[PDB]
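Novice:
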Amino acid sequence: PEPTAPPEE
Amino acid sequence: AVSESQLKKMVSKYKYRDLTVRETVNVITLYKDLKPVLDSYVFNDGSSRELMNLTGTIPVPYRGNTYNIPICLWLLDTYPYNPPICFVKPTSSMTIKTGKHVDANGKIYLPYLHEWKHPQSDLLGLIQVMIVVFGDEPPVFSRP
């Protein structure tokens, strides 16, 4: 799957 | 995996091909998101050399979710003990977060190996730590 990465502020 | 067979032949020059190949597959076999990437650059007074590396998005569990953090690291033969080269691969739509575990160019900071080196921690254990740390502390959060 894609990367994108976890969210934050 | 079908490339696994070709992977072993892709090296045929590591200090411990067997121990190296097994470690590699084990990492991807456990994560299922990572994949061994091939690479080669000049070093010996200017002479390309076969050097494999790890690639793929690692599952990062949040307070109640799990994203796919992009990373890539060079897998050395076996010196001094484990691959020190470690950096994150942020996408054009991604956003790197500065911190004790990250400078700004995606390169991983901290001694890591120079600190532990029990060894105790192996190829799989290495990424495990990054996964644990990156599991709570967002190293590179992308835009929604």
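Note that the protein sequences, when read in sequence, are chains Z and V.
FYI, in my numbering the residues of the first sequence are 2 to 10.
FYI, in my numbering the residues of the second sequence are 24 to 167.
Note that beta-carbon positions come from the ideal geometry of N, C-alpha and C, so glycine has one too.
#1: Which one of V/80, V/59 and V/160 has the shortest CA to CA distance from residue 74 of chain V?
#2: With a threshold of 8 Å between beta-carbons, can residue 66 of chain V be considered close to chain Z, or not?
#3: On the three-state DSSP scale, how would you describe residue 136 of chain V?
#4: If we ignore side chains and look at the alpha-carbon of each, how far apart do residue 194 of chain V and residue 84 of chain V end up?
#5: So is residue 36 of chain V in contact with chain Z if we call contact Cβ pairs under 8 Å?
#6: Could you give the first and the last residue of the continuous alpha helix (DSSP H) run that contains residue 48 of chain V?
#7: Would DSSP call residue 26 of chain V helix, strand or coil?
#8: For residue 72 of chain V, write down the residues that DSSP places opposite it in a beta bridge.
#9: What does the Cβ neighbour count give for residue 52 of chain V, buried or exposed, with the cut at 16 atoms within 10 Å?
#10: Let's test the definition: count the other Cβ atoms within 10 Å of the Cβ of residue 92 of chain V and tell me whether it reaches 16, buried, or not, exposed.
#11: For residue 158 of chain V, collect the residues of the same chain with a Cβ closer than 6 Å to its Cβ; drop the 5 residues on either side in sequence, then sort them by chain order.
#12: At a Cβ cut of 8 Å, what residues of the stretch 90–110 of chain V count as close to chain Z, listed as they run along the chain?
#13: Just to make sure I have the definition right: I need the residues of chain Z whose C-beta is within less than 8 Å of the C-beta of residue 167 of chain V. Which are they?
#14: Residues of the stretch 150–162 of chain V with a CB closer than 7 Å to any CB of chain Z: list them in chain order, please.
#15: Curious, which full-length beta strand (DSSP E) runs of at least 3 residues does the stretch 90–140 of chain V contain?
Specialist: Taking the definition as stated:
#1: For the purposes of this step, residue 74 of chain V is taken as residue 51 along the second sequence, with counting starting at 1. Of the candidates V/80, V/59 and V/160, the one whose C-alpha sits nearest the C-alpha of residue 74 of chain V is V/59.
#2: In the second sequence, counting from the first residue as 1, residue 66 of chain V sits at position 43. Interface residue (Cβ-Cβ distance to chain Z less than 8 Å): residue 66 of chain V is not classified as such.
#3: One-based indexing of the second sequence puts residue 136 of chain V at position 113. Of the three classes helix, strand and coil, the one that applies to residue 136 of chain V here is coil, per DSSP.
#4: Missing from the structure shown is residue 194 of chain V; chain V here goes from 24 to 167 and no further.
#5: Position 13 of the second sequence, counted from the first residue, corresponds to residue 36 of chain V. No, residue 36 of chain V does not count as interfacial toward chain Z.
#6: Walking along the second sequence from the start, residue 48 of chain V turns up at place 25. Counting along the chain, the alpha helix (DSSP H) containing residue 48 of chain V begins and ends at 40–54.
#7: Position 3 of the second sequence, counting from 1, holds the residue named residue 26 of chain V. The answer is helix: DSSP assigns residue 26 of chain V an H, G or I state.
#8: Within the second sequence, residue 72 of chain V is the residue found at index 49, counting from 1. Looking at the DSSP assignment, residue 72 of chain V forms a beta bridge with V/64.
#9: Position 29 of the second sequence, counted from the start, is the residue given in the question as residue 52 of chain V. By the neighbour-count rule (16 or more Cβ atoms within 10 Å), residue 52 of chain V is not buried but exposed.
#10: Working through the second sequence from its first residue, we reach residue 92 of chain V at position 69. It counts as buried.
#11: Translated into positions along the second sequence, residue 158 of chain V becomes position 135. The answer, listed in chain order, is 83 and 84.
#12: 90, 91, 92 and 93
#13: In the second sequence, counting from the first residue as 1, residue 167 of chain V sits at position 144. Those within 8 Å of residue 167 of chain V in chain Z are 8.
#14: Those would be 161, in chain order.
#15: 109–111
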